[PDB]
């Protein structure tokens, strides 16, 4: 039953990675969720609804993370000049600096956990799981 084993192993990796990323990001004063909000906003401003949908968390959780990052100086709520109800979450310069530190933590951990795989094996794995992602996102 290899196909279900792929999926359950994926889940087990995510859970353990989550715990460890939370631990290591904690030194940057971030949770894994906070880091995901920085990753999302690092390439352009995002709506709160997008953040909750894309990363499969509640509206309340996003609100809490955005409020935190806002207090920390890492994101701002930008309001449309005609209708201030239209809000985007925009990363600040400090938010980018902290995001980039987070990426380096993530890279070092990824390098540890994938260390038994050659660069070639890494590439073989990545291209195939990308197809699994495309399909589940279609079904979702």
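Here, rigid core means the biggest group of C-alpha atoms that superpose within 1.5 Å across both forms. Positions refer to the first chain, counted from 1.
J.: I'd like to know which segment deviates more from the shown structure in 5 other deposited structures of this protein: 44-52 or 109-117, using C-alpha RMS over all structures and residues after a core fit.
T.: Clearly, after the core fit, the stretch farther away in 5 other deposited structures of this protein is 109-117.
J.: Just give me the stretch that moves more in 5 other deposited structures of this protein: 13-21 or 125-133, judged by RMS C-alpha distance after a core fit.
T.: This comes out as 125-133, the stretch further from the shown form in 5 other deposited structures of this protein.
J.: Given the B-factors recorded for C-alpha atoms, which segment has the greater mean, 78-86 or 108-116?
T.: Per the deposited B-factors, the answer is 78-86.
J.: Would you mind comparing 14-22 and 119-127 for me and telling me which has the higher average C-alpha temperature factor in the entry?
T.: Per the PDB entry, the higher value belongs to 119-127.
J.: Of the options 98, 59, 42, 65, which has the highest CA B factor as deposited?
T.: That would be 59.
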